[PDB]
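J.: Submitted below is the structure of interest, expressed as structure tokens.
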Amino acid sequence: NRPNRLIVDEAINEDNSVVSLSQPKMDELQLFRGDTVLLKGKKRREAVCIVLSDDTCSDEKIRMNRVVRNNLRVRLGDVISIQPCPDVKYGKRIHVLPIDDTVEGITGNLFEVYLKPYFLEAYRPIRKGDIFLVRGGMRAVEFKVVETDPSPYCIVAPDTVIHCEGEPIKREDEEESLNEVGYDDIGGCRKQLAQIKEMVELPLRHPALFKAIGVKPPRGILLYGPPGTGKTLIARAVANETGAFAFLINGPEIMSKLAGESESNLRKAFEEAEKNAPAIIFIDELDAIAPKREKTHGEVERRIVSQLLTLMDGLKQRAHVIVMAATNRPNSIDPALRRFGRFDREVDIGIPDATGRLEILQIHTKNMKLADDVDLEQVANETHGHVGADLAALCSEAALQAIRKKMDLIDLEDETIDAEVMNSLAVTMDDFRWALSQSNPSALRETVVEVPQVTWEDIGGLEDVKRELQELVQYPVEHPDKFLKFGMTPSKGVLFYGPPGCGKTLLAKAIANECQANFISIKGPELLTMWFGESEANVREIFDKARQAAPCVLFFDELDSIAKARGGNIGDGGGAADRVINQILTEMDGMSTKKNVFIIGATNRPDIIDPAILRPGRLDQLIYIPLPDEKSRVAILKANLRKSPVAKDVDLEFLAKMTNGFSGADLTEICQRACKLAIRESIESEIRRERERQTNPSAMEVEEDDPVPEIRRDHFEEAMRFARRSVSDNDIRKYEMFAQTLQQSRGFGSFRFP
Amino acid sequence: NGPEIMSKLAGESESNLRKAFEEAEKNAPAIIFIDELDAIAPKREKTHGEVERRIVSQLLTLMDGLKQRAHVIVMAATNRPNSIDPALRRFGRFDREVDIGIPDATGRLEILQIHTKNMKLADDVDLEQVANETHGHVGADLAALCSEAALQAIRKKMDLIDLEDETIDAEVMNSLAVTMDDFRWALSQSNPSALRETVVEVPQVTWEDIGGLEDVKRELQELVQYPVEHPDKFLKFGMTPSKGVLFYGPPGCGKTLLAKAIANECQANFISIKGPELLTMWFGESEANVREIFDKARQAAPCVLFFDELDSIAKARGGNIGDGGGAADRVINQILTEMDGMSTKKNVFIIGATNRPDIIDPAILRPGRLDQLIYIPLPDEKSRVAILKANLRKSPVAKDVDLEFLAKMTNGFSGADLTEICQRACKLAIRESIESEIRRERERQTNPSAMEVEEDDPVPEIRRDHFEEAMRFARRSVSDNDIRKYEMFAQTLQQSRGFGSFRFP
Amino acid sequence: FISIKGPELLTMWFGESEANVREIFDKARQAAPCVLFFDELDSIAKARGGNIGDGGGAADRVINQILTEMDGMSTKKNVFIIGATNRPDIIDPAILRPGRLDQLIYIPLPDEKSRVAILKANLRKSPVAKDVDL
Amino acid sequence: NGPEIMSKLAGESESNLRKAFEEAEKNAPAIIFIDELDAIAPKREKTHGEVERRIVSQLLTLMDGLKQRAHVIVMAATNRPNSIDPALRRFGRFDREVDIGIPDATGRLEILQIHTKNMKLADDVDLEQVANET
């Protein structure tokens, strides 16, 4: 709300040299003409030059040369703050050096070329780091600042010598700085960027308060996640968005030198980060410098580990230094670094979801000349198991395909037509469809943690189940004051039981959606793989994973599978207990309802389940999920068929009226068979037409009466011919009697108080 | 500092040690502290190399040579004692030990008071509710939690003024405070460090949380209280004091409560070992952890060491039919070995608890071992009244409701059942309160009433019709064939004591 | 086409080496489109009795890894899996579920034309007479 | 050549690597070929010593630093991918793979034609029967 906080707008003149004003401001201000001016924007990036040729357009705005969109700033919506400061001294000469272009063709002097006539009445009032493309020719060619006789921004006088020693420099060498990567090159990690910014911006940006407050800052931050998820760029981004100076370290480089070079290098990094402050250090591949003490064979290894422990313990100086570092798992580094005063904060970066993949694709494809029929959102949904680097690869392959696909033969004839032909090249959806099949992703076995889309209307009945689940999961995330004011303790899990294919995973996903909560799934083969392998210590990792990501629904499907692998209930003589469910017990007894983790289990044989887990302070509730009734079948059929081209004559009300005792899985089967038939007929018609035409000596024929555009009723009728049930009525009777037993256990008449 | 000693060349390290011991001899009487001694001297095995074993030997030498009447004491810090070379744990070397351990709620309250004395709190902060809501936290975790609460309070509102660089920041900080909602947000955003550590403390459970079982109380008192307070009697009559007992009976009748209560009356520590811990030693062939449990109890005596679900390994392998193997197993055999190797001078009392007394190895019910058996039955009237009150003494209840009659119509109910009743009634009350709140504030949003302040708070209590709707779902978990089984496992052993009257001449 | 035979599965069973399934599936990934054929899929179920056998139910460490691997690949990469058995009654029913094999085709004993064509295919490398009529 | 890099003293080896990468930067656009890379860099476990892990780290460094728009490609040869340190199989390092595999009968016929073109064969040699018998 400061007086001179005004918006930035377009430019009217070509070069960066003349600045504008807004005269309604200078009454309270002291804006005069001269040499320099203090102008304030983002990241302390500035371009100080002459000012005051304005009043062409309306007030409460600051007009700024075109190049100042990435000079001094990033985009529009910023604000320019205004304070002159004239009367600067005179040094002999300053800032003369181009970078990319005029290296082409003739060399000359690179100041005597075309930049000759600019200084007239404007004898070089400018600042460092200034970049504006200018020429006496096309008026668009780079120019950079290198030399500093005095470093502050100075003034020029004639009869001087300059320094253009160095042949210009290009794009890659200064690319990270030129990119000035900010929080726009980073996709798929919005939450965790929020967390990091919250951690750091106060200690790094407002440090004098952080002094006057007394609270202690972070010492060590550890970033987790698989390879290819943008962790270095994060560090650069935070450093540049905070003004802070960054020092970057690389593990295998520290370990590629002699035992004395390595430790010197560490010490010097920590030193340089103490001198320049407030700083940031980044360590990549820390599992290289410091793995599990066991694996360490040698004496230089353990010794540089000890050096790093020492150097971490000695950062207590009120010196505004933060050390960030990157690994894959936390069980991959020596555990002595994970200690109060050392790396005590952690962030999991994880695999993206479809919105994140869409962000990454938008970020990459902004210099590609796409084509009109590309729905990158269909792609982002067709990229399961991909991390960001995998999508960079996929874009690359699509584009290079589009190139070699047609213009190979012209590409061969060496000439300059290549240039215009590239200026006429595009990328199609068939390119992405070919690349996407030619890909081998990297995180198909990683654990997926996300919010699901499944909603209550993909289900149609089971209304009291819905209400129950809501009382159990929704009310304590939203209304905990009630649970205090009545002093009640909230349940932490439940067990679903009933027959197969009646929709137990859908309900868990739906109640996770309503609370916008993460969902994790553990399946039967995972439990049997821990049994067969005597590896039941992986349960603890599952529960820790859910801890980080709370609030979460942690779902255990096929919980009765180890009991079936060893007979059923007769089986051995061993009773019900086993090593994997015993660890699940141990872990549920060791977590609090303060952290909001809800556990659902699911079974189809409730009679062979260890009864210890159905005890108080454990699952302790039982809900029956039956075979669907009419409305449920109608809604299930619609949910199945809401992506195929269907007719209108067909009525699913009657299909539901004649499908009683059918599991949803069956109805799904019906739909798949009907579409199977439609496909077969369409393909046959296409074959046999185009042939019958090839035979015909009709030199001309364009009449495509597209045979099959839909799915008609006789498809469905032929399908129902193969209709099948998978759930008998002796089974229904078994579940009904496992419900009524436990409903008679609740045998009490009416109880009226006196 | 260990890692500093190990971050130098093989000759710098030993010089450094020698010079410390020297400087502490010159200035006297002194004290040396060694932090992270597992770094300089771990288990001889792990040591791979020749500078390692060599600085270990240097430290052994330097300890043996402190005999000078020179007033030097060496203190040092580890996590476990099995983490250092055992040759340092020797007469003349490190021969005294202290366990510092995890705090309890009074300690956490002390730590919170100590930290928060320069924070500008706010009036509605009961740090004692916090200290009770911080299970598994050590002191550094509470420093962290305070920090997070305060920095939250800061960024919560004054971020936008914090941004406009000027000196108003200073006065605004001079006007900043911390609320209980800050601690409530931080406390949920915490991941504590000692949730798997063994808890050793005195419990609050007292005899009135229980209502009946008076002869059980008297018995337990004769067994635990009298020798802690009246050992002169036990000498003057030359009698030997029992060292343990076994509780048996049905589930949910209160066997852990009595053990906690008799630990309270003697103001003695309590330790609990549960069924999944024993099954984890079985499955894992790791039964050498029993010795650590018993040592733990040794340090902390006088103590009640409680073994729950002692019959669990016998059930995992069938019941009594099961295999052809008899009753013995590797984990209970180590418990035997350890009970036979401790004295009644150190005051450690062992209680076990089971619900299937028929499948328990009979070796452990022999003299010089548990050797007593007490029955814990289903509760009678007064017991149910007291159990209901103990359950409901934290919720806002009505006065019209009478729990006398609830107890009069609940016969054959385990305390666990009655607990279920109470939880369901509060469940219903909560549901109605939330619905009313929703639907009012909506019906008002619809109404074009630009002004309305009348909050007739709908549900402030727990009334009888809640309880009645709950009792509709009342359920028992203990049949009468089971009651008959326990009754016949009591009368058998009461007939074994079959003797008429025996009058001396 | 790739073929995996019965002694290979029994060699992973006897040897507790069932982590070689993943290499098979990766091999098929590189070479797609491919038919990956599993012959004698019921062999571990016969080595341990038939259906009476032990008290253990139908599950085993090698077919469980085959399940894990089929649930982790996409139809975008065009890998089709065929199995073959002669005792369909002792096969773990988890693998005949949706998103898995889930179709069953009967292959019977050959009829007339089938035998004629089979005889000719057998004899199309030997010097035969003309008088003989197949 | 791997075994040659490992047949020298710890300082000759790393100099040699650096000089190869240098010479391939000077002359460009170039190609480097590394044969028997399982010799320079096997599974981190098998590595016993300190010159071993150190030349592995040197090669990782030298791969990460090829970003110069310098038109250098590094090709290398192994038997299996589980035979090299997995840190080389990473974005920016060796990220593309090709399986060369065993030939089929058309390929064997090609190889035989390629070899036998300076042999003075005889009229009754059907190398295609051979290619099917190999």
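Just remember, in the structure tokens the first chain shown is A, the second B, etc., residues are 1-based per chain, and ligands are 1-based in the order shown.
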I need the contact residues of chain A against chain B, so if you could list those with any atom within 8 Å, counting only C-alpha atoms, and return them as a PyMOL selection string, that would help.
T.: chain A and resi 209+213+215-216+297-299+303-304+306-307+309-310+340+471+479+482-483+485-489+573-577+579+582-583+585-586+590+594-595+745-753
J.: At a cut-off of 9 Å, using only C-alpha atoms, what residues contact residue A:403? Leave out same-chain residues fewer than 3 positions from it and give the result as a ChimeraX atom specification.
T.: /A:398-400,406-408,422,425-427
J.: Take the residues just selected and output them with N, CA, C and O atoms as an mmCIF file, in the first residue's frame.
T.:
```cif
data_model
loop_
_atom_site.group_PDB
_atom_site.id
_atom_site.type_symbol
_atom_site.label_atom_id
_atom_site.label_comp_id
_atom_site.auth_asym_id
_atom_site.auth_seq_id
_atom_site.Cartn_x
_atom_site.Cartn_y
_atom_site.Cartn_z
ATOM 1 N N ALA A 398 8.460 -37.880 -29.648
ATOM 2 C CA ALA A 398 7.362 -37.468 -30.517
ATOM 3 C C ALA A 398 7.809 -36.452 -31.563
ATOM 4 O O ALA A 398 7.514 -36.603 -32.756
ATOM 5 N N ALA A 399 8.536 -35.426 -31.132
ATOM 6 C CA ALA A 399 8.943 -34.355 -32.032
ATOM 7 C C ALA A 399 9.948 -34.834 -33.073
ATOM 8 O O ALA A 399 9.790 -34.568 -34.271
ATOM 9 N N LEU A 400 11.011 -35.505 -32.638
ATOM 10 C CA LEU A 400 11.990 -36.000 -33.595
ATOM 11 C C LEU A 400 11.356 -36.968 -34.585
ATOM 12 O O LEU A 400 11.748 -37.002 -35.760
ATOM 13 N N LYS A 406 8.703 -37.267 -42.545
ATOM 14 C CA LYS A 406 8.473 -36.860 -43.926
ATOM 15 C C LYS A 406 9.643 -36.117 -44.537
ATOM 16 O O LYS A 406 9.917 -36.286 -45.727
ATOM 17 N N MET A 407 10.337 -35.295 -43.763
ATOM 18 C CA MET A 407 11.272 -34.356 -44.347
ATOM 19 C C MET A 407 12.686 -34.902 -44.379
ATOM 20 O O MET A 407 13.627 -34.163 -44.682
ATOM 21 N N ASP A 408 12.833 -36.190 -44.070
ATOM 22 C CA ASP A 408 14.112 -36.867 -44.233
ATOM 23 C C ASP A 408 14.686 -36.636 -45.623
ATOM 24 O O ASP A 408 15.850 -36.246 -45.770
ATOM 25 N N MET A 422 11.923 -26.174 -41.346
ATOM 26 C CA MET A 422 11.772 -26.199 -39.896
ATOM 27 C C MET A 422 10.826 -25.106 -39.424
ATOM 28 O O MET A 422 10.024 -25.317 -38.506
ATOM 29 N N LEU A 425 7.306 -26.721 -39.399
ATOM 30 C CA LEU A 425 7.169 -28.064 -38.853
ATOM 31 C C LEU A 425 6.323 -28.057 -37.583
ATOM 32 O O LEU A 425 6.339 -27.099 -36.804
ATOM 33 N N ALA A 426 5.584 -29.148 -37.386
ATOM 34 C CA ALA A 426 4.605 -29.266 -36.313
ATOM 35 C C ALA A 426 4.595 -30.688 -35.768
ATOM 36 O O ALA A 426 5.202 -31.597 -36.337
ATOM 37 N N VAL A 427 3.880 -30.881 -34.658
ATOM 38 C CA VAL A 427 3.809 -32.171 -33.981
ATOM 39 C C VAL A 427 2.343 -32.550 -33.816
ATOM 40 O O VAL A 427 1.525 -31.731 -33.385
#
```
J.: So which residues of stretch 88-134 of chain C fall under alpha helix (DSSP H) by DSSP, listed as a PDB file with N, CA, C and O atoms, in the first residue's frame?
T.:
```pdb
ATOM      1  N   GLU C 112     -11.598 -85.598 -38.587  1.00  0.00           N
ATOM      2  CA  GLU C 112     -11.066 -86.197 -39.812  1.00  0.00           C
ATOM      3  C   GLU C 112     -10.073 -85.283 -40.536  1.00  0.00           C
ATOM      4  O   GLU C 112      -8.889 -85.617 -40.674  1.00  0.00           O
ATOM      5  N   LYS C 113     -10.546 -84.125 -41.011  1.00  0.00           N
ATOM      6  CA  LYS C 113      -9.683 -83.214 -41.767  1.00  0.00           C
ATOM      7  C   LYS C 113      -8.441 -82.851 -40.977  1.00  0.00           C
ATOM      8  O   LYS C 113      -7.356 -82.664 -41.546  1.00  0.00           O
ATOM      9  N   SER C 114      -8.589 -82.726 -39.664  1.00  0.00           N
ATOM     10  CA  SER C 114      -7.451 -82.376 -38.830  1.00  0.00           C
ATOM     11  C   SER C 114      -6.387 -83.461 -38.911  1.00  0.00           C
ATOM     12  O   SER C 114      -5.197 -83.166 -39.059  1.00  0.00           O
ATOM     13  N   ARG C 115      -6.809 -84.725 -38.859  1.00  0.00           N
ATOM     14  CA  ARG C 115      -5.875 -85.838 -38.971  1.00  0.00           C
ATOM     15  C   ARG C 115      -5.230 -85.894 -40.347  1.00  0.00           C
ATOM     16  O   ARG C 115      -4.030 -86.165 -40.460  1.00  0.00           O
ATOM     17  N   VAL C 116      -6.002 -85.648 -41.407  1.00  0.00           N
ATOM     18  CA  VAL C 116      -5.420 -85.627 -42.750  1.00  0.00           C
ATOM     19  C   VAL C 116      -4.310 -84.583 -42.833  1.00  0.00           C
ATOM     20  O   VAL C 116      -3.196 -84.858 -43.305  1.00  0.00           O
ATOM     21  N   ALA C 117      -4.593 -83.373 -42.353  1.00  0.00           N
ATOM     22  CA  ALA C 117      -3.614 -82.297 -42.447  1.00  0.00           C
ATOM     23  C   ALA C 117      -2.408 -82.555 -41.556  1.00  0.00           C
ATOM     24  O   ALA C 117      -1.277 -82.192 -41.907  1.00  0.00           O
ATOM     25  N   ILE C 118      -2.621 -83.213 -40.419  1.00  0.00           N
ATOM     26  CA  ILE C 118      -1.526 -83.518 -39.508  1.00  0.00           C
ATOM     27  C   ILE C 118      -0.613 -84.584 -40.107  1.00  0.00           C
ATOM     28  O   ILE C 118       0.618 -84.479 -40.037  1.00  0.00           O
ATOM     29  N   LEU C 119      -1.196 -85.620 -40.710  1.00  0.00           N
ATOM     30  CA  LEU C 119      -0.393 -86.631 -41.391  1.00  0.00           C
ATOM     31  C   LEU C 119       0.436 -86.014 -42.507  1.00  0.00           C
ATOM     32  O   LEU C 119       1.638 -86.284 -42.618  1.00  0.00           O
ATOM     33  N   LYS C 120      -0.180 -85.170 -43.337  1.00  0.00           N
ATOM     34  CA  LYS C 120       0.587 -84.547 -44.412  1.00  0.00           C
ATOM     35  C   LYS C 120       1.728 -83.698 -43.857  1.00  0.00           C
ATOM     36  O   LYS C 120       2.875 -83.830 -44.293  1.00  0.00           O
ATOM     37  N   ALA C 121       1.442 -82.825 -42.884  1.00  0.00           N
ATOM     38  CA  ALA C 121       2.510 -82.035 -42.280  1.00  0.00           C
ATOM     39  C   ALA C 121       3.642 -82.901 -41.744  1.00  0.00           C
ATOM     40  O   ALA C 121       4.813 -82.535 -41.875  1.00  0.00           O
ATOM     41  N   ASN C 122       3.326 -84.045 -41.133  1.00  0.00           N
ATOM     42  CA  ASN C 122       4.387 -84.938 -40.683  1.00  0.00           C
ATOM     43  C   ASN C 122       5.213 -85.469 -41.848  1.00  0.00           C
ATOM     44  O   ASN C 122       6.446 -85.485 -41.779  1.00  0.00           O
ATOM     45  N   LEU C 123       4.560 -85.905 -42.926  1.00  0.00           N
ATOM     46  CA  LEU C 123       5.231 -86.644 -43.987  1.00  0.00           C
ATOM     47  C   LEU C 123       5.745 -85.772 -45.130  1.00  0.00           C
ATOM     48  O   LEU C 123       6.107 -86.310 -46.180  1.00  0.00           O
TER      49      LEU C 123
END
```
J.: If the cut-off is 9 Å, can you tell me the residues of chain A near chain D, counting only C-alpha atoms? I'd like them as a list in words.
T.: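 Written out as asked, the residues are residues 172, 173, 227, 228, 250, 251, 252, 253, 254, 255, 256, 257, 258, 295, 297, 298, 300, 389 and 390 of chain A.
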J.: Using only C-alpha atoms, which residues sit within 12 Å of residue D:101 once same-chain residues fewer than 2 positions away are excluded, as a list in words?
T.: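 Near residue D:101, the qualifying residues are residues 27, 30 and 31 of chain C; 78, 79, 80, 98, 99, 103, 104 and 107 of chain D.
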J.: Measuring atom to atom with only C-alpha atoms, identify which of D:132, D:118, D:82, D:106 is nearest to chain C.
T.: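 The shortest atom-to-atom distance to chain C comes from D:82.
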J.: Need to verify the contact set: stretch 516-528 of chain A, 8 Å, only C-alpha atoms, exclusion of same-chain residues closer than 3 positions in sequence. Can you return it as a VMD selection string?
T.: (chain A and resid 447 to 452 509 512 to 513 531 to 532 546 549 to 559 561 to 562 580) or (chain C and resid 64 to 65 67 to 68)
J.: Take the residues just selected and output them with C-alpha atoms as an mmCIF file, in the first residue's frame.
T.:
```cif
data_model
loop_
_atom_site.group_PDB
_atom_site.id
_atom_site.type_symbol
_atom_site.label_atom_id
_atom_site.label_comp_id
_atom_site.auth_asym_id
_atom_site.auth_seq_id
_atom_site.Cartn_x
_atom_site.Cartn_y
_atom_site.Cartn_z
ATOM 1 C CA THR A 447 3.608 -46.779 -4.224
ATOM 2 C CA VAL A 448 0.855 -44.509 -5.501
ATOM 3 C CA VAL A 449 -0.506 -41.928 -3.068
ATOM 4 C CA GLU A 450 -3.212 -39.591 -4.362
ATOM 5 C CA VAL A 451 -6.828 -38.481 -4.011
ATOM 6 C CA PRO A 452 -9.289 -40.538 -6.090
ATOM 7 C CA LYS A 509 -12.215 -44.431 -2.654
ATOM 8 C CA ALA A 512 -11.609 -40.655 0.648
ATOM 9 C CA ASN A 513 -12.861 -38.279 -2.053
ATOM 10 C CA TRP A 531 4.845 -64.371 4.070
ATOM 11 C CA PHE A 532 6.706 -66.523 1.501
ATOM 12 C CA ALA A 546 0.767 -43.197 5.615
ATOM 13 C CA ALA A 549 0.693 -38.268 3.988
ATOM 14 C CA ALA A 550 -2.062 -37.862 6.540
ATOM 15 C CA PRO A 551 -5.038 -37.539 6.510
ATOM 16 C CA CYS A 552 -5.183 -40.856 4.695
ATOM 17 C CA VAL A 553 -7.267 -43.948 4.100
ATOM 18 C CA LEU A 554 -5.039 -47.030 4.311
ATOM 19 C CA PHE A 555 -6.876 -49.937 2.686
ATOM 20 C CA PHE A 556 -5.984 -53.633 3.113
ATOM 21 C CA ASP A 557 -7.609 -55.839 0.495
ATOM 22 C CA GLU A 558 -7.746 -59.647 0.654
ATOM 23 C CA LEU A 559 -6.838 -59.695 4.334
ATOM 24 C CA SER A 561 -5.177 -64.609 2.014
ATOM 25 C CA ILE A 562 -2.467 -66.088 4.257
ATOM 26 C CA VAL A 580 2.444 -60.467 8.945
ATOM 27 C CA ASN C 64 2.151 -65.205 -7.161
ATOM 28 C CA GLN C 65 5.042 -63.365 -8.815
ATOM 29 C CA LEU C 67 0.285 -62.330 -10.858
ATOM 30 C CA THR C 68 2.266 -59.397 -9.497
#
```
J.: For stretch 4-13 of chain C, please output as a PyMOL selection string all residues within 8 Å (counting only C-alpha atoms; exclusion window: fewer than 5 positions along the same chain).
T.: chain C and resi 18+20+36-41+43-44+61-62
J.: Store the residues of this selection in a file with N, CA, C and O atoms, as a compact mmCIF listing (two decimals), in the first residue's frame.
T.:
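Output (out.txt):
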```txt
# COMPACT_ATOMS: atom_id res chain seq x y z
N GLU C 18 12.31 -67.13 -7.52
CA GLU C 18 11.12 -66.70 -8.24
C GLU C 18 11.21 -65.27 -8.72
O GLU C 18 10.30 -64.79 -9.39
N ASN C 20 13.18 -64.37 -10.99
CA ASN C 20 13.55 -64.43 -12.40
C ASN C 20 12.36 -64.21 -13.32
O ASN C 20 12.55 -64.03 -14.52
N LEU C 36 3.82 -64.32 -25.14
CA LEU C 36 4.55 -64.95 -24.04
C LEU C 36 3.74 -66.14 -23.55
O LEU C 36 2.68 -65.97 -22.94
N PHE C 37 4.25 -67.33 -23.81
CA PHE C 37 3.55 -68.59 -23.64
C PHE C 37 4.09 -69.37 -22.44
O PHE C 37 5.30 -69.63 -22.36
N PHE C 38 3.20 -69.75 -21.53
CA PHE C 38 3.51 -70.52 -20.33
C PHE C 38 2.91 -71.91 -20.48
O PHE C 38 1.70 -72.10 -20.34
N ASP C 39 3.76 -72.89 -20.77
CA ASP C 39 3.34 -74.27 -20.83
C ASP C 39 3.48 -74.97 -19.48
O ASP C 39 4.26 -74.56 -18.61
N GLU C 40 2.70 -76.03 -19.31
CA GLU C 40 2.60 -76.80 -18.07
C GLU C 40 2.53 -75.88 -16.85
O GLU C 40 3.40 -75.87 -15.98
N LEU C 41 1.46 -75.09 -16.81
CA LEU C 41 1.27 -74.12 -15.75
C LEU C 41 0.82 -74.76 -14.44
O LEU C 41 0.94 -74.14 -13.38
N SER C 43 2.21 -77.42 -12.93
CA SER C 43 3.23 -78.41 -12.59
C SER C 43 3.62 -78.37 -11.11
O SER C 43 3.84 -79.42 -10.50
N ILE C 44 3.70 -77.18 -10.53
CA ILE C 44 3.97 -77.04 -9.10
C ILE C 44 2.81 -77.57 -8.27
O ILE C 44 3.00 -78.04 -7.15
N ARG C 61 4.69 -69.42 -4.37
CA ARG C 61 5.59 -68.29 -4.64
C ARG C 61 5.88 -67.92 -6.10
O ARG C 61 6.21 -66.77 -6.34
N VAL C 62 5.76 -68.84 -7.08
CA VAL C 62 6.14 -68.52 -8.46
C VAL C 62 4.95 -67.96 -9.25
O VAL C 62 5.07 -66.95 -9.96
```
J.: For a quick test of understanding: name the residues of chain C lying within 9 Å of chain A when counting only C-alpha atoms, and present them as a list in words.
T.: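 Every residue meeting the condition is included here: residues 29, 30, 54, 55, 56, 57, 58, 59, 60, 61, 64, 65, 67, 68, 72, 73, 76, 77, 78 and 98 of chain C.
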J.: How about saving the chosen residues, N, CA, C and O atoms kept, as a compact mmCIF listing (two decimals), in the first residue's frame?
T.:
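What follows is the written file out.txt:
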```txt
# COMPACT_ATOMS: atom_id res chain seq x y z
N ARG C 29 8.94 -57.22 -22.71
CA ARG C 29 8.73 -55.80 -22.91
C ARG C 29 9.60 -55.25 -24.04
O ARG C 29 9.10 -54.63 -24.98
N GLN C 30 10.92 -55.45 -23.96
CA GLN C 30 11.81 -54.97 -25.02
C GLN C 30 11.34 -55.43 -26.40
O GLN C 30 11.35 -54.64 -27.35
N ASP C 54 -1.15 -81.46 0.23
CA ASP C 54 -0.97 -80.88 1.55
C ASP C 54 -2.29 -80.33 2.08
O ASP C 54 -3.38 -80.63 1.58
N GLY C 55 -2.18 -79.52 3.14
CA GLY C 55 -3.32 -78.76 3.60
C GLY C 55 -3.29 -77.34 3.10
O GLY C 55 -4.34 -76.69 2.99
N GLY C 56 -2.10 -76.84 2.81
CA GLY C 56 -1.95 -75.65 2.00
C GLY C 56 -2.94 -75.60 0.87
O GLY C 56 -3.21 -76.61 0.21
N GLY C 57 -3.54 -74.44 0.67
CA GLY C 57 -4.31 -74.17 -0.52
C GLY C 57 -3.44 -73.90 -1.73
O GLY C 57 -2.23 -74.13 -1.74
N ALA C 58 -4.09 -73.37 -2.76
CA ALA C 58 -3.61 -73.33 -4.13
C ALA C 58 -2.43 -72.39 -4.38
O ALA C 58 -1.82 -72.48 -5.45
N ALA C 59 -2.10 -71.49 -3.47
CA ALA C 59 -1.13 -70.44 -3.76
C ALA C 59 0.32 -70.92 -3.62
O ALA C 59 0.65 -71.74 -2.76
N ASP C 60 1.20 -70.37 -4.46
CA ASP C 60 2.63 -70.65 -4.40
C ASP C 60 3.43 -69.43 -4.81
O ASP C 60 2.91 -68.50 -5.42
N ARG C 61 4.69 -69.42 -4.37
CA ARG C 61 5.59 -68.29 -4.64
C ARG C 61 5.88 -67.92 -6.10
O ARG C 61 6.21 -66.77 -6.34
N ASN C 64 2.43 -66.48 -7.80
CA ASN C 64 2.15 -65.20 -7.16
C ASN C 64 2.99 -64.07 -7.75
O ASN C 64 2.49 -62.95 -7.93
N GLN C 65 4.25 -64.34 -8.07
CA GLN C 65 5.04 -63.37 -8.81
C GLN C 65 4.54 -63.16 -10.24
O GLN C 65 4.60 -62.05 -10.77
N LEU C 67 1.38 -63.26 -11.12
CA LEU C 67 0.29 -62.33 -10.86
C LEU C 67 0.78 -60.91 -10.67
O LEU C 67 0.27 -59.97 -11.28
N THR C 68 1.72 -60.72 -9.75
CA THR C 68 2.27 -59.40 -9.50
C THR C 68 2.75 -58.73 -10.78
O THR C 68 2.59 -57.52 -10.94
N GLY C 72 1.09 -55.36 -13.35
CA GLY C 72 1.91 -54.19 -13.47
C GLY C 72 2.37 -53.80 -14.86
O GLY C 72 3.38 -53.12 -15.00
N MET C 73 1.65 -54.22 -15.89
CA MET C 73 1.97 -53.85 -17.26
C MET C 73 0.72 -53.38 -17.99
O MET C 73 -0.40 -53.74 -17.62
N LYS C 76 -0.88 -50.87 -23.63
CA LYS C 76 -0.26 -50.02 -24.64
C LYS C 76 0.97 -50.66 -25.24
O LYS C 76 1.38 -50.29 -26.35
N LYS C 77 1.58 -51.62 -24.56
CA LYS C 77 2.85 -52.17 -25.00
C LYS C 77 2.69 -53.48 -25.76
O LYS C 77 3.66 -53.96 -26.35
N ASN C 78 1.47 -54.03 -25.83
CA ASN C 78 1.13 -55.15 -26.70
C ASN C 78 1.93 -56.42 -26.37
O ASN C 78 2.77 -56.88 -27.14
N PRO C 98 -10.79 -61.20 -13.63
CA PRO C 98 -10.73 -60.09 -14.59
C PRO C 98 -9.47 -59.26 -14.44
O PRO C 98 -8.94 -59.08 -13.34
```
